[PDB]
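Working notes, structure below.
Nothing in this text is a laboratory measurement; each read-out follows from the coordinates by a stated rule. All Cβ positions, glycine included, derive from the backbone under ideal geometry; neighbour counts span all protein chains shown.
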Amino acid sequence: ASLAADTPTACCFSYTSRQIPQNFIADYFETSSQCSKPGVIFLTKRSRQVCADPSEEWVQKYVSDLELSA
Amino acid sequence: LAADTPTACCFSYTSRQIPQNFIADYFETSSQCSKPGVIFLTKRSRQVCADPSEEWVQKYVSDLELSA
Amino acid sequence: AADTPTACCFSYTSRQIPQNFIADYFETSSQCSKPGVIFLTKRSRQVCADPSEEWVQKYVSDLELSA
Amino acid sequence: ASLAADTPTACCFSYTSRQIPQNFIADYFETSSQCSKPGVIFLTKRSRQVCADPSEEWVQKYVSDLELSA
Amino acid sequence: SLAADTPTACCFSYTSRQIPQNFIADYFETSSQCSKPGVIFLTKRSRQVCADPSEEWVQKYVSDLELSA
């Protein structure tokens, strides 16, 4: 019936300023296209969720590395 | 052998072309769905809905099928 | 295959499969409530298709006459 | 000595509901008299086996056409 | 999920002395919206201390917490 679902969605409004040490990263998630701003959510090994700017190269590198090492 | 099982449906497509080297597999969505759809499965097991009428989508599906 | 379950189709694909994806075909049992042809893709997908459609009949013929 | 052999025999319990395209047929076989139902097994060019009812007209014709074209 | 439009912890000065590592229970990176960068260390008695992210012992502590989780 409706166009969108009634479950809350994770969106990024502010990103981390500095590059996270890559050996801390456990996984990644892409934020919904519904969000006003584009965003990658990094999941650390200590299970923290950190918002990252997908326009930054280290963010793109990390995502690529996670995909190509799965 | 699953039965009375939920069906994957796409209600929106990605507007961006996914990096092809991320793709691990693909699935056509059921004709019972309102919209046509191809679900790409990344190697990190992410799932992205894509428009089957798009050329790059058709190309990715072709490459996956013909390289099996 | 003694008392094994039989594959039946309850919904067909709405889009014609590109023929160069087709690896094999399988007819469904006449015991099924609906007619059906199961196409096997080269990536080993099993897809239900409507036997009343010409392209389905054509694909099966081509698989047959090339065997 | 036994009355029957201890090798399994092909029996038709359910037939096909629709007539096979004749140009798919490669061969035919009559099912054993030991079977509960009479049956003709059509060997398809892609090595498929299809149970057909020998009472139906198209089945009888196919068999005849096969034998008379050998 | 969790509450929103909530205040954010920010550091405006760092501890001049290294914290004994066996006191450390957890660490927290301060928001990029804060005027200064910072790592908040949480002791086992829930004391909160701001530390300079550029200092070596701070980075070691953060690493040991992440890599052992």
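Filter the stretch B:4-36 for residues that are among the hydroxyl-bearing types (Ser, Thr, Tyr), away from chain C (no Cβ under 14 Å) and over 13 Å from the mean Cα position of the chain (by Cα) and give the result.
So the first thing to find is which residues in the stretch B:4-36 are among the hydroxyl-bearing types (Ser, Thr, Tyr), and the list is B:5, B:7, B:12-15, B:26, B:29-31, B:34.
Now drop any that are not away from chain C (no Cβ under 14 Å), which leaves B:12-15.
Result: B:15, single match.
Out of the residues in the stretch D:13-70 meeting the condition of being in a loop (DSSP other than H, G, I, E, B) and of a type in the set (A, V, I, L, M), tell me which one is surrounded by the most Cβ atoms within 10 Å (Cβ to Cβ). Spell out the reasoning first.
If we filter the stretch D:13-70 for residues that are in a loop (DSSP other than H, G, I, E, B), which is where we start, we get D:13-21, D:31-39, D:45-48, D:53-56, D:68-70.
Now restrict to residues that are of a type in the set (A, V, I, L, M): D:20, D:68, D:70.
Values: D:20: 18, D:68: 7, D:70: 6.
Filtering the stretch D:13-70 for residues that are in a loop (DSSP other than H, G, I, E, B) and of a type in the set (A, V, I, L, M), the one surrounded by the most Cβ atoms within 10 Å (Cβ to Cβ) comes out as D:20.
Would you check which residues across the stretch E:21-47 are in contact with a strand residue (DSSP E or B) (Cβ under 9 Å, 6 or more places away or on another chain) and more than 24 Å from residue A:19 (Cα to Cα) and list them?
Matches in the stretch E:21-47: E:23, E:43, E:44, E:45, E:46, E:47.
Could you list, in sequence order, the residues of the stretch D:26-44 that are more than 22 Å from residue C:3 (Cα to Cα) and in contact with a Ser or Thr (Cβ under 7 Å, 6 or more places away or on another chain)?
Selection gives D:26 alone.
Report whether or not residue C:65 is farther than 29 Å from residue D:9 by Cβ, within 11 Å of chain D (Cβ to nearest Cβ) and aliphatic (A, V, I, L, M).
Details: farther than 29 Å from residue D:9 by Cβ: yes; within 11 Å of chain D (Cβ to nearest Cβ): yes; aliphatic (A, V, I, L, M): yes.
So residue C:65 passes the test.
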